[PDB]
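Undergrad: Contents of upload.cif (mmCIF, C-alpha atoms and all ligand atoms) are given next:
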data_work
loop_
_atom_site.label_atom_id
_atom_site.label_comp_id
_atom_site.auth_asym_id
_atom_site.auth_seq_id
_atom_site.Cartn_x
_atom_site.Cartn_y
_atom_site.Cartn_z
CA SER A 1 -3.39 13.21 -66.52
CA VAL A 2 -5.25 16.53 -66.52
CA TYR A 3 -2.84 17.64 -63.80
CA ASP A 4 0.14 16.82 -66.01
CA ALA A 5 -1.45 18.83 -68.82
CA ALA A 6 -1.92 21.85 -66.55
CA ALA A 7 1.87 21.77 -66.06
CA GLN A 8 2.38 22.98 -69.64
CA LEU A 9 0.82 26.27 -68.55
CA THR A 10 4.07 27.96 -67.54
CA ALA A 11 4.36 31.62 -66.46
CA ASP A 12 4.82 32.86 -70.03
CA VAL A 13 1.91 30.79 -71.32
CA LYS A 14 -0.43 32.03 -68.60
CA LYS A 15 0.69 35.59 -69.35
CA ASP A 16 -0.19 35.32 -73.06
CA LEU A 17 -3.53 33.70 -72.19
CA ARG A 18 -4.55 36.49 -69.80
CA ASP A 19 -3.27 39.26 -72.09
CA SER A 20 -5.13 37.92 -75.12
CA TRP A 21 -8.26 37.16 -73.07
CA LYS A 22 -8.45 40.76 -71.83
CA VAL A 23 -9.24 41.59 -75.46
CA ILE A 24 -11.21 38.70 -76.98
CA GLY A 25 -13.04 38.16 -73.71
CA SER A 26 -14.12 41.82 -73.59
CA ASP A 27 -16.74 41.22 -76.28
CA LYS A 28 -18.14 37.79 -75.46
CA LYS A 29 -21.23 38.10 -77.64
CA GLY A 30 -19.35 39.25 -80.73
CA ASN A 31 -16.30 37.03 -80.38
CA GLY A 32 -18.20 34.00 -79.12
CA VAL A 33 -20.46 34.02 -82.18
CA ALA A 34 -17.43 34.55 -84.44
CA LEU A 35 -15.88 31.42 -82.96
CA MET A 36 -18.95 29.29 -83.56
CA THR A 37 -19.63 30.58 -87.08
CA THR A 38 -16.00 29.98 -88.03
CA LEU A 39 -16.20 26.45 -86.58
CA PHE A 40 -19.22 25.69 -88.78
CA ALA A 41 -17.65 27.33 -91.84
CA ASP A 42 -14.38 25.39 -91.67
CA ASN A 43 -15.75 22.19 -90.13
CA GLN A 44 -19.21 21.62 -91.63
CA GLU A 45 -19.25 18.10 -90.20
CA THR A 46 -19.70 19.57 -86.70
CA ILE A 47 -23.03 21.23 -87.54
CA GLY A 48 -24.93 18.02 -86.81
CA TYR A 49 -23.90 18.16 -83.14
CA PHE A 50 -25.75 21.45 -82.70
CA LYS A 51 -29.17 20.61 -84.14
CA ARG A 52 -30.76 21.83 -80.90
CA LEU A 53 -29.61 25.34 -81.82
CA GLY A 54 -31.79 25.43 -84.92
CA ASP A 55 -30.51 27.07 -88.10
CA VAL A 56 -26.95 28.14 -87.26
CA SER A 57 -26.46 29.92 -90.59
CA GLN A 58 -28.52 32.77 -89.09
CA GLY A 59 -25.57 33.76 -86.92
CA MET A 60 -26.22 36.59 -84.46
CA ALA A 61 -29.94 36.61 -85.31
CA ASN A 62 -30.40 33.06 -84.00
CA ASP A 63 -31.20 33.59 -80.30
CA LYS A 64 -30.29 30.01 -79.38
CA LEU A 65 -26.93 30.25 -81.11
CA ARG A 66 -26.35 33.65 -79.53
CA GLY A 67 -27.08 32.30 -76.05
CA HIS A 68 -24.79 29.31 -76.59
CA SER A 69 -21.92 31.51 -77.84
CA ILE A 70 -22.09 33.90 -74.90
CA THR A 71 -22.25 31.00 -72.43
CA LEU A 72 -19.31 29.28 -74.11
CA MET A 73 -17.23 32.38 -73.38
CA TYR A 74 -17.96 32.18 -69.64
CA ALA A 75 -16.55 28.65 -69.58
CA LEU A 76 -13.31 30.10 -70.96
CA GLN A 77 -13.54 32.94 -68.42
CA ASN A 78 -13.72 30.27 -65.71
CA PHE A 79 -10.61 28.45 -66.98
CA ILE A 80 -8.59 31.67 -67.26
CA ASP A 81 -9.47 32.71 -63.70
CA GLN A 82 -8.33 29.36 -62.26
CA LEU A 83 -4.96 29.37 -64.05
CA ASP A 84 -2.89 30.03 -60.92
CA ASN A 85 -4.38 27.14 -58.92
CA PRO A 86 -3.97 23.82 -60.76
CA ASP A 87 -6.27 22.11 -58.24
CA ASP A 88 -9.16 24.45 -59.06
CA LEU A 89 -8.42 24.41 -62.79
CA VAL A 90 -8.54 20.61 -62.74
CA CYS A 91 -11.85 20.27 -60.91
CA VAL A 92 -13.60 22.81 -63.15
CA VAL A 93 -12.21 21.15 -66.29
CA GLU A 94 -13.31 17.68 -65.19
CA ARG A 95 -16.90 18.82 -64.58
CA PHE A 96 -16.87 20.71 -67.88
CA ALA A 97 -15.80 17.50 -69.58
CA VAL A 98 -18.73 15.46 -68.21
CA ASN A 99 -21.34 16.83 -70.64
CA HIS A 100 -19.02 16.78 -73.63
CA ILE A 101 -18.19 13.12 -72.93
CA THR A 102 -21.89 12.25 -72.78
CA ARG A 103 -22.28 13.90 -76.19
CA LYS A 104 -19.51 11.64 -77.48
CA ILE A 105 -17.08 14.47 -78.23
CA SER A 106 -13.62 12.90 -78.52
CA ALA A 107 -10.37 14.67 -77.69
CA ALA A 108 -9.62 14.95 -81.42
CA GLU A 109 -13.04 16.41 -82.24
CA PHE A 110 -12.72 18.97 -79.44
CA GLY A 111 -9.35 19.93 -80.88
CA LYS A 112 -11.13 21.29 -83.96
CA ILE A 113 -11.79 24.43 -81.92
CA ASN A 114 -8.10 25.37 -82.26
CA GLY A 115 -8.59 26.55 -85.85
CA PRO A 116 -11.41 29.02 -85.03
CA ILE A 117 -9.52 30.30 -81.97
CA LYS A 118 -6.42 30.97 -84.06
CA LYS A 119 -8.46 32.99 -86.56
CA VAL A 120 -10.42 34.97 -83.97
CA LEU A 121 -7.13 35.82 -82.24
CA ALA A 122 -5.60 36.85 -85.56
CA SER A 123 -8.55 39.17 -86.19
CA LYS A 124 -7.36 41.04 -83.11
CA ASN A 125 -3.68 41.00 -84.11
CA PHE A 126 -2.61 38.18 -81.79
CA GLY A 127 -0.26 35.89 -83.71
CA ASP A 128 0.93 32.28 -83.62
CA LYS A 129 2.55 32.70 -80.19
CA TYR A 130 -0.87 33.33 -78.65
CA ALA A 131 -2.55 30.59 -80.69
CA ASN A 132 0.02 28.13 -79.35
CA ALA A 133 -0.74 29.28 -75.80
CA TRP A 134 -4.46 28.67 -76.32
CA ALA A 135 -3.77 25.27 -77.87
CA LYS A 136 -2.09 24.37 -74.58
CA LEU A 137 -5.19 25.34 -72.60
CA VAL A 138 -7.37 23.29 -74.96
CA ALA A 139 -4.96 20.38 -74.42
CA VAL A 140 -5.86 20.44 -70.71
CA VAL A 141 -9.50 19.76 -71.61
CA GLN A 142 -8.47 17.12 -74.15
CA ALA A 143 -6.59 15.30 -71.39
CA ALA A 144 -9.99 14.85 -69.72
CA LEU A 145 -11.85 13.60 -72.81
CA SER B 1 -43.69 34.78 -70.30
CA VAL B 2 -39.97 35.05 -69.68
CA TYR B 3 -39.91 38.53 -71.22
CA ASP B 4 -42.47 39.86 -68.74
CA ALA B 5 -40.40 38.36 -65.93
CA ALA B 6 -37.23 40.06 -67.19
CA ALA B 7 -39.17 43.35 -67.40
CA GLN B 8 -39.43 43.16 -63.61
CA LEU B 9 -35.71 43.88 -63.43
CA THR B 10 -35.98 47.66 -62.98
CA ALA B 11 -33.19 50.18 -62.53
CA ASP B 12 -33.19 49.79 -58.73
CA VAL B 13 -33.23 46.00 -58.89
CA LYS B 14 -30.37 45.88 -61.38
CA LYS B 15 -28.33 48.28 -59.25
CA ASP B 16 -28.86 46.17 -56.12
CA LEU B 17 -27.94 43.01 -58.03
CA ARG B 18 -24.68 44.60 -59.22
CA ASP B 19 -23.77 46.01 -55.81
CA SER B 20 -24.26 42.70 -54.03
CA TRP B 21 -22.59 40.74 -56.82
CA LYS B 22 -19.50 42.96 -56.53
CA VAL B 23 -18.94 41.41 -53.11
CA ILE B 24 -20.21 37.82 -53.38
CA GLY B 25 -18.84 37.36 -56.89
CA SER B 26 -15.35 38.29 -55.70
CA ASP B 27 -14.96 34.89 -54.01
CA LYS B 28 -16.68 32.46 -56.35
CA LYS B 29 -15.10 29.38 -54.77
CA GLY B 30 -15.98 30.33 -51.21
CA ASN B 31 -19.48 31.70 -51.77
CA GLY B 32 -20.32 29.10 -54.39
CA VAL B 33 -19.65 26.24 -51.98
CA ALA B 34 -21.49 28.10 -49.20
CA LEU B 35 -24.56 28.37 -51.42
CA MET B 36 -24.57 24.64 -52.25
CA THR B 37 -23.91 23.45 -48.69
CA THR B 38 -26.70 25.71 -47.40
CA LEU B 39 -29.02 24.23 -50.03
CA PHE B 40 -28.19 20.68 -48.93
CA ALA B 41 -28.66 21.64 -45.29
CA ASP B 42 -32.00 23.42 -45.71
CA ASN B 43 -33.45 21.12 -48.38
CA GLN B 44 -32.08 17.59 -48.01
CA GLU B 45 -34.70 16.43 -50.51
CA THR B 46 -32.55 17.95 -53.26
CA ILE B 47 -29.37 15.97 -52.56
CA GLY B 48 -30.57 13.13 -54.78
CA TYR B 49 -30.06 15.36 -57.82
CA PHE B 50 -26.31 15.67 -57.15
CA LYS B 51 -25.53 11.98 -56.70
CA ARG B 52 -22.67 12.25 -59.21
CA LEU B 53 -20.85 14.68 -56.90
CA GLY B 54 -20.27 12.03 -54.23
CA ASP B 55 -20.43 13.01 -50.56
CA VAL B 56 -21.58 16.63 -50.77
CA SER B 57 -21.43 16.91 -46.98
CA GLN B 58 -17.66 17.27 -47.44
CA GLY B 59 -18.11 20.80 -48.76
CA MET B 60 -14.87 22.42 -49.95
CA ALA B 61 -12.86 19.19 -49.65
CA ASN B 62 -15.04 17.53 -52.30
CA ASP B 63 -13.26 18.22 -55.61
CA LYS B 64 -16.36 17.54 -57.71
CA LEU B 65 -18.54 19.72 -55.50
CA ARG B 66 -15.91 22.46 -55.57
CA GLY B 67 -15.79 22.27 -59.37
CA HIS B 68 -19.58 22.46 -59.65
CA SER B 69 -19.79 25.36 -57.17
CA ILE B 70 -17.22 27.51 -58.96
CA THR B 71 -18.94 26.82 -62.29
CA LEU B 72 -22.35 27.72 -60.87
CA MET B 73 -21.06 31.18 -59.99
CA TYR B 74 -20.04 31.87 -63.60
CA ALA B 75 -23.63 31.30 -64.71
CA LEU B 76 -24.68 34.02 -62.28
CA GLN B 77 -21.82 36.18 -63.59
CA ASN B 78 -23.24 35.61 -67.06
CA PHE B 79 -26.73 36.75 -66.01
CA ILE B 80 -25.44 39.87 -64.25
CA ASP B 81 -23.48 40.88 -67.35
CA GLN B 82 -26.57 40.65 -69.56
CA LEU B 83 -28.67 42.98 -67.39
CA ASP B 84 -28.23 45.87 -69.86
CA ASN B 85 -29.85 43.93 -72.71
CA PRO B 86 -33.02 41.90 -71.96
CA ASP B 87 -32.84 40.13 -75.34
CA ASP B 88 -29.42 38.74 -74.43
CA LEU B 89 -30.44 37.98 -70.85
CA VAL B 90 -33.42 35.96 -72.06
CA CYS B 91 -31.41 33.96 -74.62
CA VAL B 92 -28.79 32.93 -72.04
CA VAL B 93 -31.47 32.09 -69.48
CA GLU B 94 -33.21 29.87 -72.02
CA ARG B 95 -30.02 27.88 -72.83
CA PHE B 96 -29.29 27.59 -69.13
CA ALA B 97 -32.77 26.15 -68.57
CA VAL B 98 -32.24 23.45 -71.21
CA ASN B 99 -30.02 21.14 -69.12
CA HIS B 100 -32.01 21.69 -65.94
CA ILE B 101 -35.19 20.82 -67.86
CA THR B 102 -33.55 17.63 -69.14
CA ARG B 103 -32.78 16.82 -65.50
CA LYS B 104 -36.50 17.26 -64.85
CA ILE B 105 -35.94 20.23 -62.52
CA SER B 106 -39.24 22.10 -62.20
CA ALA B 107 -39.75 25.77 -61.33
CA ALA B 108 -40.89 24.70 -57.85
CA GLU B 109 -37.58 22.87 -57.40
CA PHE B 110 -35.46 25.76 -58.66
CA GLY B 111 -37.12 28.26 -56.34
CA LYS B 112 -35.61 26.48 -53.36
CA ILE B 113 -32.37 28.30 -54.15
CA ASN B 114 -33.91 31.55 -52.85
CA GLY B 115 -33.47 30.46 -49.24
CA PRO B 116 -29.71 29.72 -49.55
CA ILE B 117 -29.09 32.92 -51.51
CA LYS B 118 -30.84 34.97 -48.84
CA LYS B 119 -28.69 33.33 -46.16
CA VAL B 120 -25.42 33.76 -48.06
CA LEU B 121 -26.21 37.42 -48.73
CA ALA B 122 -27.03 37.91 -45.06
CA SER B 123 -23.69 36.40 -44.03
CA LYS B 124 -22.11 39.20 -46.07
CA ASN B 125 -24.26 41.91 -44.48
CA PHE B 126 -26.76 42.18 -47.35
CA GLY B 127 -30.35 42.31 -46.11
CA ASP B 128 -33.93 41.82 -47.33
CA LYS B 129 -33.79 44.38 -50.15
CA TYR B 130 -31.00 42.39 -51.82
CA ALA B 131 -32.60 39.01 -51.17
CA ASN B 132 -35.70 40.37 -52.93
CA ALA B 133 -33.64 41.61 -55.86
CA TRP B 134 -32.11 38.18 -56.41
CA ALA B 135 -35.51 36.49 -56.11
CA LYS B 136 -36.64 38.51 -59.13
CA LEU B 137 -33.69 37.23 -61.17
CA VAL B 138 -34.41 33.65 -60.12
CA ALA B 139 -38.01 34.27 -61.24
CA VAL B 140 -36.75 34.84 -64.79
CA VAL B 141 -35.18 31.37 -64.76
CA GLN B 142 -38.33 29.84 -63.24
CA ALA B 143 -40.43 31.31 -66.06
CA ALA B 144 -38.25 29.39 -68.52
CA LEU B 145 -38.59 26.03 -66.78
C1 LIG C 1 -13.35 26.26 -76.45
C2 LIG C 1 -14.15 25.07 -76.49
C3 LIG C 1 -15.47 24.92 -76.06
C4 LIG C 1 -16.10 25.47 -74.97
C5 LIG C 1 -15.52 26.47 -73.98
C6 LIG C 1 -17.42 24.88 -74.89
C7 LIG C 1 -18.38 25.21 -73.93
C8 LIG C 1 -19.63 24.62 -73.81
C9 LIG C 1 -20.63 25.00 -72.81
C10 LIG C 1 -20.45 26.00 -71.68
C11 LIG C 1 -21.75 24.31 -73.09
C12 LIG C 1 -23.05 24.46 -72.32
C13 LIG C 1 -23.28 23.54 -71.12
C14 LIG C 1 -23.42 22.08 -71.51
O1 LIG C 1 -22.38 21.39 -71.66
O2 LIG C 1 -24.57 21.62 -71.68
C15 LIG C 1 -21.45 23.47 -74.26
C16 LIG C 1 -22.37 22.67 -74.96
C17 LIG C 1 -22.09 21.88 -76.09
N1 LIG C 1 -20.85 21.73 -76.66
FE1 LIG C 1 -19.13 22.63 -76.09
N2 LIG C 1 -17.60 23.95 -75.88
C18 LIG C 1 -16.44 24.01 -76.64
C19 LIG C 1 -16.21 23.27 -77.80
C20 LIG C 1 -17.05 22.32 -78.34
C21 LIG C 1 -16.76 21.56 -79.54
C22 LIG C 1 -15.48 21.64 -80.37
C23 LIG C 1 -17.84 20.75 -79.76
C24 LIG C 1 -18.06 19.83 -80.80
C25 LIG C 1 -17.60 19.93 -82.16
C26 LIG C 1 -18.78 21.01 -78.69
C27 LIG C 1 -20.05 20.46 -78.61
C28 LIG C 1 -21.01 20.82 -77.68
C29 LIG C 1 -22.39 20.38 -77.76
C30 LIG C 1 -22.97 19.34 -78.72
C31 LIG C 1 -23.05 21.06 -76.80
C32 LIG C 1 -24.55 20.96 -76.60
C33 LIG C 1 -25.31 22.07 -77.31
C34 LIG C 1 -26.81 21.87 -77.23
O3 LIG C 1 -27.38 21.10 -78.04
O4 LIG C 1 -27.43 22.46 -76.33
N3 LIG C 1 -18.28 21.96 -77.81
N4 LIG C 1 -20.13 23.65 -74.65
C1 LIG C 2 -28.96 30.10 -59.02
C2 LIG C 2 -29.19 28.70 -59.25
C3 LIG C 2 -28.42 27.80 -59.99
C4 LIG C 2 -27.40 28.03 -60.87
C5 LIG C 2 -26.84 29.38 -61.28
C6 LIG C 2 -27.00 26.73 -61.42
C7 LIG C 2 -25.94 26.52 -62.32
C8 LIG C 2 -25.59 25.28 -62.89
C9 LIG C 2 -24.51 25.07 -63.84
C10 LIG C 2 -23.58 26.13 -64.43
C11 LIG C 2 -24.45 23.75 -64.13
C12 LIG C 2 -23.44 23.10 -65.07
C13 LIG C 2 -23.88 23.12 -66.53
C14 LIG C 2 -25.00 22.13 -66.81
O1 LIG C 2 -24.73 20.91 -66.76
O2 LIG C 2 -26.14 22.56 -67.07
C15 LIG C 2 -25.50 23.12 -63.34
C16 LIG C 2 -25.65 21.75 -63.18
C17 LIG C 2 -26.60 21.13 -62.36
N1 LIG C 2 -27.60 21.79 -61.67
FE1 LIG C 2 -27.94 23.79 -61.57
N2 LIG C 2 -27.83 25.73 -60.94
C18 LIG C 2 -28.64 26.36 -60.00
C19 LIG C 2 -29.59 25.71 -59.19
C20 LIG C 2 -29.92 24.35 -59.26
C21 LIG C 2 -30.96 23.72 -58.46
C22 LIG C 2 -31.85 24.46 -57.47
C23 LIG C 2 -30.94 22.38 -58.77
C24 LIG C 2 -31.72 21.32 -58.25
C25 LIG C 2 -32.75 21.40 -57.24
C26 LIG C 2 -29.89 22.21 -59.77
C27 LIG C 2 -29.42 20.96 -60.22
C28 LIG C 2 -28.34 20.77 -61.07
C29 LIG C 2 -27.77 19.47 -61.39
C30 LIG C 2 -28.33 18.11 -60.99
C31 LIG C 2 -26.67 19.69 -62.14
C32 LIG C 2 -25.62 18.67 -62.57
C33 LIG C 2 -24.43 18.62 -61.62
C34 LIG C 2 -23.34 17.66 -62.08
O3 LIG C 2 -23.67 16.48 -62.32
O4 LIG C 2 -22.17 18.09 -62.20
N3 LIG C 2 -29.32 23.43 -60.11
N4 LIG C 2 -26.23 24.06 -62.63
#
Would you write the structure of this file as structure tokens?
TA:
Amino acid sequence: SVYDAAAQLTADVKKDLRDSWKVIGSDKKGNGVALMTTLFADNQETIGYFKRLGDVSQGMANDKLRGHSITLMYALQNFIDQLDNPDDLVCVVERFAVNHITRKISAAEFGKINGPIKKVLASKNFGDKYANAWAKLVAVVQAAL
Amino acid sequence: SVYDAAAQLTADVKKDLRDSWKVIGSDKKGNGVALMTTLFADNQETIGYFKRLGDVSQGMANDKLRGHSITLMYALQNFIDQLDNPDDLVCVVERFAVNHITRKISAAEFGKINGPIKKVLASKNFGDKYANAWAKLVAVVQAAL
């Protein structure tokens, strides 16, 4: 249950999420694109899912990829802001899931985002403790896929 | 031309958008639902598009509608944040348009949101000047549909 997954977000976990987000979320365009480019670099098999974005090897220059990356970051902004109210977190996550389910993105495939997140966090000096916190947020979405 | 539409967002317009957003964007759940329920009240012919959300007449009590409403507000948050850079505003508007286009939403359809926005702003003591500012932002989206 998505609700059961949201239970893993204890006070300490929510604290690390907000603290780290104040930094990585402060530069959505730069960090969002870093996330996507890292995803494609370490998981080439996922490139096929994003054919609508054109040539993703163009990075920042690709306007479609840039728009997707910035938008992706606002979905994370949404999750972070609903952390204190499980009911709101759950309804936003379930809607979010709808389109990813239609695209046939399994819970395991979605989990591939953990790698890129860990690296982006590391680039800002946020270690394993923070990566584990983020993996728990991602697990909430996985519970809905 | 989406670019020409975005060029209509002058200094005064951007300032008015930010000032009003400071208030309405502070309660995304409340004002998001208000915007959707006003839309369904003023333009019943649009309800058919949200069939997946169940009984939208339930407003806040409808989990799916609440989830959609909160998420809608983050798209607006996204647009407001890109006001400093037209290139970034345009690229996010174009990705946003993609799903609405797939849903066959035309520019004539999308413009119906101007009424509800004007009413929500008014409920928060924001008059004509602000309603006109937001109409210009909506115009950017319409130009991409
Ligand atoms: C932190 C995790 C992620 C977030 C916050 C995120 C967010 C989003 C958002 C906001 C959209 C745009 C709205 C829509 O659904 O149409 C989207 C689209 C999409 N996402 Fe995710 N996503 C994430 C991870 C992934 C992963 C891991 C995959 C697959 C490997 C994936 C595949 C897709 C695809 C195929 C689209 C459609 C792009 C297009 O062709 O327009 N997403 N995602
Ligand atoms: C300021 C105006 C609006 C904003 C900011 C907005 C925002 C959004 C967002 C963020 C989504 C979720 C992501 C996606 O699936 O693309 C969405 C979905 C949707 N929008 Fe829009 N939208 C607006 C107006 C409208 C209007 C006027 C219509 C129709 C007349 C419309 C119809 C839809 C539909 C059918 C969905 C899918 C809902 C669901 O099944 O969960 N939108 N919109």
Undergrad: Could you please extract the residues within 6 Å of ligand LIG 1 (chain C), counting all atoms listed in the file, and hand them back as a list in words?
TA: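 The residues within 6 Å of ligand LIG 1 (chain C), counting all atoms listed in the file, are residues 46, 49, 50, 52, 71, 72, 75, 76, 99, 109, 110, 112 and 113 of chain A.
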Undergrad: Output C-alpha atoms for every residue in the selection just made, as an mmCIF file, in the coordinates of the input.
TA:
data_model
loop_
_atom_site.group_PDB
_atom_site.id
_atom_site.type_symbol
_atom_site.label_atom_id
_atom_site.label_comp_id
_atom_site.auth_asym_id
_atom_site.auth_seq_id
_atom_site.Cartn_x
_atom_site.Cartn_y
_atom_site.Cartn_z
ATOM 1 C CA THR A 46 -19.700 19.570 -86.700
ATOM 2 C CA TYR A 49 -23.900 18.160 -83.140
ATOM 3 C CA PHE A 50 -25.750 21.450 -82.700
ATOM 4 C CA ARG A 52 -30.760 21.830 -80.900
ATOM 5 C CA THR A 71 -22.250 31.000 -72.430
ATOM 6 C CA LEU A 72 -19.310 29.280 -74.110
ATOM 7 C CA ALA A 75 -16.550 28.650 -69.580
ATOM 8 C CA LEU A 76 -13.310 30.100 -70.960
ATOM 9 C CA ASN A 99 -21.340 16.830 -70.640
ATOM 10 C CA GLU A 109 -13.040 16.410 -82.240
ATOM 11 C CA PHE A 110 -12.720 18.970 -79.440
ATOM 12 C CA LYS A 112 -11.130 21.290 -83.960
ATOM 13 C CA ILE A 113 -11.790 24.430 -81.920
#
Undergrad: Residues of chain A near chain B: apply a cut-off of 6 Å, count only C-alpha atoms, and supply the list as a list in words.
TA: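 So the contacting residues turn out to be residues 63, 67, 91 and 92 of chain A.
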Undergrad: Quick one: everything within 8 Å of segment 117-123 of chain B, counting only C-alpha atoms, minus sequence neighbours fewer than 5 positions away in the same chain. Send it as a list in words.
TA: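 The contact residues come out as residues 20, 24, 31, 34, 35, 38, 128, 130, 131 and 134 of chain B.
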Undergrad: Have a look at atom CA of residue 104 of chain B and atom CA of residue 97 of chain A and let me know their distance in Å, one decimal.
TA: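 Computing the Euclidean distance for atom CA of residue 104 of chain B and atom CA of residue 97 of chain A yields 21.2 Å.
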Undergrad: Which centre and edge lengths in Å to one decimal define the box along x, y and z that fits every listed atom of ligand LIG 2 (chain C) plus 5 Å per side, as JSON?
TA:
{"center_x": -27.5, "center_y": 23.3, "center_z": -62.2, "size_x": 20.6, "size_y": 23.6, "size_z": 19.8}
Undergrad: Grab the atom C6 of ligand LIG 2 (chain C) to atom CA of residue 111 of chain A distance for me, in Å with one decimal place.
TA: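 It comes out at 27.1 Å.
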Undergrad: So that I can check the surroundings of residue 18 of chain A, please list as a list in words every protein, DNA and RNA residue that reaches within 10 Å of it, counting all atoms listed in the file and ignoring chain neighbours fewer than 6 positions away.
TA: residues 25, 77, 80, 81 and 83 of chain A
Undergrad: Would you please work out which residue, of A:145, A:101, A:7, A:140, is nearest to ligand LIG 2 (chain C) when using only C-alpha atoms and all ligand atoms?
TA: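 Closest to ligand LIG 2 (chain C), using only C-alpha atoms and all ligand atoms: A:101.
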Undergrad: When you draw a straight line from atom CA of residue 28 of chain A to atom CA of residue 102 of chain A, how long is it in Å?
TA: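 So the answer is 26.0 Å.
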Undergrad: Would you please work out which residue, of B:23, B:36, B:138, B:41, is nearest to residue 126 of chain B when using only C-alpha atoms?
TA: B:23
Undergrad: Which residue gives the smallest distance to ligand LIG 2 (chain C) among B:58, B:125, B:85, B:44, with all atoms listed in the file counted?
TA: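 Comparing B:58, B:125, B:85, B:44 against ligand LIG 2 (chain C), the winner is B:44.
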Undergrad: Let me make sure I understand: among A:26, A:8, A:132, A:142, which one has the smallest atom-to-atom distance to residue 108 of chain A if we use only C-alpha atoms?
TA: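 For residue 108 of chain A, the nearest of the candidates is A:142.
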Undergrad: Kindly indicate which residue among A:84, A:10, A:124, A:133 lies nearest to residue 27 of chain A, using only C-alpha atoms for the distances.
TA: A:124
Undergrad: Can you fill out segment 77-89 of chain A with N, CA and C atoms and hand it back as a PDB file, in the coordinates of the input?
TA:
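Writing the result to result22.pdb gives the following:
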ATOM      1  N   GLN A  77     -13.814  31.959 -69.471  1.00  0.00           N
ATOM      2  CA  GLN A  77     -13.540  32.940 -68.420  1.00  0.00           C
ATOM      3  C   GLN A  77     -13.158  32.182 -67.147  1.00  0.00           C
ATOM      4  N   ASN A  78     -13.915  31.123 -66.875  1.00  0.00           N
ATOM      5  CA  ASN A  78     -13.720  30.270 -65.710  1.00  0.00           C
ATOM      6  C   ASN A  78     -12.311  29.651 -65.730  1.00  0.00           C
ATOM      7  N   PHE A  79     -11.931  29.066 -66.864  1.00  0.00           N
ATOM      8  CA  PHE A  79     -10.610  28.450 -66.980  1.00  0.00           C
ATOM      9  C   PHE A  79      -9.499  29.469 -66.733  1.00  0.00           C
ATOM     10  N   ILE A  80      -9.592  30.612 -67.399  1.00  0.00           N
ATOM     11  CA  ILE A  80      -8.590  31.670 -67.260  1.00  0.00           C
ATOM     12  C   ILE A  80      -8.419  32.127 -65.812  1.00  0.00           C
ATOM     13  N   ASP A  81      -9.527  32.278 -65.093  1.00  0.00           N
ATOM     14  CA  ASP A  81      -9.470  32.710 -63.700  1.00  0.00           C
ATOM     15  C   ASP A  81      -8.859  31.681 -62.748  1.00  0.00           C
ATOM     16  N   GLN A  82      -8.890  30.404 -63.119  1.00  0.00           N
ATOM     17  CA  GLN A  82      -8.330  29.360 -62.260  1.00  0.00           C
ATOM     18  C   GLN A  82      -6.888  28.991 -62.615  1.00  0.00           C
ATOM     19  N   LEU A  83      -6.315  29.673 -63.602  1.00  0.00           N
ATOM     20  CA  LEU A  83      -4.960  29.370 -64.050  1.00  0.00           C
ATOM     21  C   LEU A  83      -3.876  29.243 -62.983  1.00  0.00           C
ATOM     22  N   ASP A  84      -3.918  30.087 -61.959  1.00  0.00           N
ATOM     23  CA  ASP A  84      -2.890  30.030 -60.920  1.00  0.00           C
ATOM     24  C   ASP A  84      -3.026  28.909 -59.889  1.00  0.00           C
ATOM     25  N   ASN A  85      -4.178  28.244 -59.858  1.00  0.00           N
ATOM     26  CA  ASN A  85      -4.380  27.140 -58.920  1.00  0.00           C
ATOM     27  C   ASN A  85      -4.755  25.888 -59.696  1.00  0.00           C
ATOM     28  N   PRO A  86      -3.756  25.056 -60.018  1.00  0.00           N
ATOM     29  CA  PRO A  86      -3.970  23.820 -60.760  1.00  0.00           C
ATOM     30  C   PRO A  86      -5.112  22.969 -60.213  1.00  0.00           C
ATOM     31  N   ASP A  87      -5.220  22.901 -58.887  1.00  0.00           N
ATOM     32  CA  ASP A  87      -6.270  22.110 -58.240  1.00  0.00           C
ATOM     33  C   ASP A  87      -7.669  22.581 -58.635  1.00  0.00           C
ATOM     34  N   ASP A  88      -7.864  23.895 -58.681  1.00  0.00           N
ATOM     35  CA  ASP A  88      -9.160  24.450 -59.060  1.00  0.00           C
ATOM     36  C   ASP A  88      -9.371  24.324 -60.565  1.00  0.00           C
ATOM     37  N   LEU A  89      -8.309  24.529 -61.338  1.00  0.00           N
ATOM     38  CA  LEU A  89      -8.420  24.410 -62.790  1.00  0.00           C
ATOM     39  C   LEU A  89      -8.862  22.993 -63.134  1.00  0.00           C
TER      40      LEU A  89
END
